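When we count neighbours, we look across all protein chains shown, and the Cβ atoms used for this are built from the backbone with ideal geometry, even at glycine. All of the numbers you see were taken from the coordinates with simple rules; none came from a lab.
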Ligand SMILES: Cc1cc(/C=C/C#N)cc(C)c1N1CC(=O)Nc2cnc(Nc3ccc(C#N)cc3)nc21
């Protein structure tokens, strides 16, 4: 018996255009969906269904996988999966030594979807050069990628894990969309052994990657240490400190400023007054410590900004109010779009672990570039929200190491 | 015939009821025409009279199409109350994505909409009334049983009806291609003309069994087909003939129509340019007003007439071979390109000329053009091409490794077809010893719109100019321009304008700002320019004392 789902009142279903797909991905999708249809998971639909969400193929393993972009449908049923049947997020997960991520999305293909809701899950396989009408389908079962699926499957998931939780009370298991996160403080061999036990529990119900959150330390704003100091070195230091002033209560820069008093050549060497090198020292102290007074607000959205540093290095900050950084980081190590796509997935994963939310990303790339290419390196089953930005020129300079 | 195909269920939008528009009284002649038109349609099953129960109504008119009469039902209110449908098709096949075909025939479905049944539960909402003479009597009241002409669901339901009918024939004949466009079927194969007009008859017979009549062999058309503005041949394709009007005087309306046909010709005729003709349309003038052609607009018009003098054709797509795309810059932010598989038999050509930004350079524009050719490729062929680009591998890397945005263009190779793409200057990475340091600053009074711009140097020079009708952004660029005029060939420049630093660090070689273009001209003459930013109003060296002056 299906759980009835409603959209938000006065909201209609998603009508999101399908991005163009290459021949290889259209052929992968057509195979996958003839086999899903013959197994009853989806059904052809007719022109009386005006809804659409996009689909992609990712090869995340040598086998193609279908990825449905339910971002829009998720926004429109947000009361159902969040306030009506929300899955609580455990604060203990981020403290564990090891966290393993398991895909349990095949679970949802056994549960039926409320038949009055199926039309909202419509999607289109396009065809090259528009030579054939798109192949159109809707779901009959809980689909992967929809946040309504884990909320409905919640009850079942807790019966499945109830024996394993009872026998291991110091293991944390958190569901987010199509994944389980499993945290322990065990040594890694015992951790892996307990993961194998858990796979056995799941296999008796049809559900056939290792983080170490304990070692996700801050990326402090770092100040140079130098033999000499030109005026140009001091101006860059004052600018970097003055901007840091806006996050770190306490930063002082009016002892370094006096040294730059007249109108001097940029390359002129300026000996540091004994006054001044206490203030580098004091602000050094400051910048290697979290922000006082910045706390995660569960009602507000998470934002992630990413800057390209060069040489395969990228910096990022997560915040809800600009300059109130909840987290800062780097990601290191080819191809700019492949690297950025990897950084977006790393930041999202940490963010799921820490807050149970994925952030909205401010991406430093042209939209059409990103939309052409992100599919070819994306390996996750979820998709965060993103927009496209132009990186302020010096924000990049102040987060460099 | 009405075909035996299952009906598509249809709903009104939620919370809404069917229409009840009242019938205007008609002329005795239109009432007579409507009664004739209605009797014959009712005979064939297209319509059915209904009792007075049905409380819905849509106005119906009749107009003299010669000496024959047309029935016009005005579904404006029912359409407004009908649910939305998936839309009929998301793009038109481009000729350049079509494969070569030995035999092609076009089939036309007769009485397309009236040959498809309407969902029994929806017919009530299509009720209409032929009024009585000077509107005395209750009129005669009908409803539709097939898809009405002019209702919102007709195109969608017809073309999915046609799709389920064809799908058998398509499975049992995988190498016959059939494209549905409204009530046309375009049919293509590689069979010999004998074996091909066989399987067309087997197709026609399969269509008759579903209540769809077609033309006989006598009415099936022959190449070269005109279609969607194109001229399709079995082995090539072009755009249908483009004629350039020789006028003494050009109206806005004439120029708009010329820009449209040049834009359309640019799909297969390489090198068509429209920038100088479009500059004339900038502004606000009536469609009837005469526009004198500037010298550059006439030189563009002349060069286009030269390109179009003899016909050009495109070839079709061989799926077994790579796509090559070449881009050339034509100047002034105009780019042109050609896609081929064998050099140089173009599948198609195009142009790119986007101001993406206020300031850019040729390297950013070339990437933008590669991105739009790439997306187009995916759509038409499902595959990205290999690019041949007029930029050195080392210019490209130099730029994109230093630049703050990410980029990724597909496999490419340099090709020496000038003008080559280059960066025209580059800022120093560290301050220049033995060069004068300018501390520039600009300021503008928001009330007054007045501003001063000026500098002071480490060598003791100083200067302040005054500006009218200005802004903080404009004075801050004026200050940098001043330092570049008065400086020698090496110079360090210290600004508190993150705005100006942002622009100049991106190495623009073209801008909409007369100022930014003068600063660029200055940056190219220099041999060395270091440019640094210092926080304003923190009493930072020369910045506080040039802040005084402005
Ligand atoms: C989109 C289209 C339009 C017409 C318009 C006729 C009018 N008016 C005719 C056909 C057969 C197609 N279709 C249907 C489809 O689904 N795929 C096709 C793949 N390849 C070709 N190639 C091709 C090559 C030469 C000629 C000629 N002469 C026509 C078509 N055509 C295709």
With only helices counted (DSSP H, runs n ≥ 4, each -39500 (n - 2.57)), the per-residue ellipticity at 222 nm for chain A, to the nearest 500, works out to -9000 deg cm²/dmol
Residue A:91 paired with residue A:6, simple spin-label distance in nm, labels 7 Å along Cα-to-beta-carbon: 3.3
In the protein assembly as shown the DSSP beta bridges are antiparallel at a rate, in percent to nearest 5, of 80
Using a basic spin-label model with each label point 7 Å from the Cα along Cα→Cβ, how many nm lie between residue A:330 and residue A:226? 2.0
Kindly list the residues of the range B:486-512 that lie in the label zone of residue B:429, defined by a backbone N under 18 Å from the point 7 Å along the Cα-to-C-beta vector. B:505-507
Amide N proximity, the range A:123-144 versus residue B:228 label position 7 Å along Cα-to-Cβ, cut-off under 14 Å: A:127-134
Percentage of interatomic Cα-Cα distances in the range B:149-213 larger than 18 Å: 38
Averaged across the residues of B:528-540, what count of C-beta atoms belonging to other chains lies within 10 Å of each residue's C-beta? 5
If you split all Cα-Cα distances of the protein assembly as shown into 10 Å bins from zero, what percentages do you get per bin, shortest first? 2, 9, 14, 17, 18, 17, 12, 7, 3, 1, 0
Treat the count of other C-beta atoms within 10 Å as a stand-in for reagent exposure and order B:528, B:351 from fewest to most. B:528, B:351
Rounded to the nearest 0.05, what FRET efficiency is calculated for residue B:499 and residue B:295 with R0 set to 41 Å and r the Cβ-Cβ distance? 0.65
Can you pull the one-decimal nm distance between simple spin-label points at residue B:286 and residue A:301, each 7 Å off the Cα toward Cβ? 4.9
Taking Cα centroids, how far is the range B:428-499 from the range B:264-336 in Å? 42
The range A:319-398 shape via C-alpha gyration tensor axes, a/c threshold 1.5: oblate
Between residue B:24 and residue B:49, the FRET efficiency computed from the C-beta separation at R0 = 25 Å comes out, to the nearest 0.05, as 0.80
By count of other Cβ within 10 Å, fewest leading, how are B:163, B:401 ordered? B:401, B:163
Kindly provide the helix-only [θ] at 222 nm of chain B, computed as the sum of -39,500 (n - 2.57) over DSSP H runs of four or more divided by all residues, to the nearest 500 deg cm²/dmol? -9500 deg cm²/dmol
Considering only C-alpha atoms, what is the centroid distance from the range A:190-216 to the range A:1-63, in Å? 29
Taking Cα centroids, how far is the range A:69-133 from the range B:38-92 in Å? 42
What's the exposure ranking of A:357, A:240, going from fewest to most Cβ atoms within 10 Å? A:357, A:240
Linear extension gain, residue B:416 paired with residue B:213, 0.36 nm per residue minus alpha-carbon span: 67.3 nm
Name all residues of the range A:123-164 having a backbone nitrogen under 19 Å from the label point set 7 Å from the Cα of residue A:43 along its Cα→Cβ direction, giving them as ranges. A:123-125, A:135-144
Cβ-Cβ FRET estimate between residue B:247 and residue B:518, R0 fixed at 45 Å, reported to 0.05: 0.70
